[PDB]
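Each of two forms of one protein chain follows alone as structure tokens, named structure 1 and structure 2.
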Structure 1
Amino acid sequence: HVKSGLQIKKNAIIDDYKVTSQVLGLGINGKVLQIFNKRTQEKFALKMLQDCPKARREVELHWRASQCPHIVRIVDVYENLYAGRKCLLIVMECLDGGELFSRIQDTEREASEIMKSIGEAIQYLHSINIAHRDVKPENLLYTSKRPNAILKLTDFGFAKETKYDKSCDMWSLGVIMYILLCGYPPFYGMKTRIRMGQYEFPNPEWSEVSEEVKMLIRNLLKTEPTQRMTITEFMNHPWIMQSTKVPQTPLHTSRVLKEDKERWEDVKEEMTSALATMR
């Protein structure tokens, strides 16, 4: 029950990790990086922030959430002086496995087992009154390249300690589900179609998909936030709850995600701004 509180180290991060000026210079510009622990040799991830209230918020929330088996663990946080400018250097577990959809790009039950995982990340956050507000393809990473890797939620730049915010996380869940089951997002102006909730479940991709499953997506994508299901109701849905009573039925996802790649950069982009719009 009792876990340690957050301790910001003030020694030069380069005492503890191999990091170079080149791999530091790319950091101040948002990118997260490959670093190595000197004592153990293990691989970790570095993310660099300029110290400021926003950065302190992120670190704080992320530390609080690290506990979850389904959220990237903060391992250390440093407060250093970089080129005469205060910085927060965040050290994280390394996620070799790449982004959720990049994997698939290589089964209904597999789709469900994934959503249950993203589901736990959200339940944990919501239990401790945090809303993530940027749950999307590139914040879902697999620990390693093994078939059995754990999928983890990352990036708390927009997380917010509290509901409208929470329902934003549920909407993402709907969108990630839709794509998982077919390989393309819903709402196929864009802004208008989202406002209007204008999506469908096209054959062929959706012909042998349970009405129960569609109803589920339908609840998550509700245009009126107070109408969406909550994480608890999501997590108690049969499709999610018993992820091993769900039919091994094949999905067009992997093929579609392969042919229709090149659009992938555009859907990552649309979803990022949809999210930006609901914040």
Structure 2
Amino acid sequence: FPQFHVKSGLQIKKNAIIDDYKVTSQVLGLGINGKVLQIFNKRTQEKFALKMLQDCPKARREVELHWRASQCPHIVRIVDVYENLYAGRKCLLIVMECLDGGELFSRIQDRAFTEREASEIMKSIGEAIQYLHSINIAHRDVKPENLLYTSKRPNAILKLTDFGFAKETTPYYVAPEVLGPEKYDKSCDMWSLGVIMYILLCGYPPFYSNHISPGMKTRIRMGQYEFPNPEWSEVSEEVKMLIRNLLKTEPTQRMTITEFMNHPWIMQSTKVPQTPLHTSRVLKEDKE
């Protein structure tokens, strides 16, 4: 009879963090809610990440959510959380596993890149969002810089981070709506999969400037994007048809993750053609 649906709660440590870590000044990632500093476990040398919040309702929420989320091996692990006094104020100090193999597009950006790595990547991010949605959490800021590789070792796991914007989203014949209203917060995660998938396939976003920005906003609202050659020349209608169903402008039209995750292109990611893509070249050139 089911057990390991039982995992430990979060005990918030109250001792000062510097008992346990050396807080260096290296910013790993500026991020939301403050910054993200690299720190070091004192009694094992090992490497970790700190993000600091002034304590409040919002912050207790970030911590509650990210904690529930750490279960999933594609969300970045919360190792420890401290309540400490800093400069007179209460703080939550969030100690994360340190992921240091780079940002998704950063890694891609320096090497060839195939449709198949695209799909594999997209399966991964796909699992992180399936897990959030199944325990009723919407992330709400899935973006390139929140998608990080663990090491620089070429099978690094990719992991989703930053719960600064996350919200709880809340008879065998009862319909989903009858088990209580979901707003529509859960489908921006899906738009996001869309935008990432697009970038992965070609090196640039479906919607950008021209500095052209009242024009970008229209283009977004209007859902005007396209699949220009050369980059999209060898990309199958199947793949294009998927992005179109994520980038729908009407949120109640997009696919759910369950539908995403069942798509033959994600489900059998390891069977997709290894078709060579521009992603990495477009990525060196378009740095600017």
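Between two forms, the rigid core is the largest collection of C-alphas that superpose within 1.5 Å. Throughout, residue numbering runs from 1 along the sequence of structure 1. Only residues modelled in both forms are compared.
Comparing C-alpha positions between structures 1 and 2 after a rigid core fit, one residue in 235, 28, 55, 33 moves 2 angstroms or more. It is 28.
A C-alpha shift of 1.1 Å is found for residue 245 between structures 1 and 2, based on superposition of the rigid core. After superposition on the rigid core, only one stretch of three or more consecutive residues whose Cα atoms move by at least 2 Å between structures 1 and 2 is found, at 19-29.
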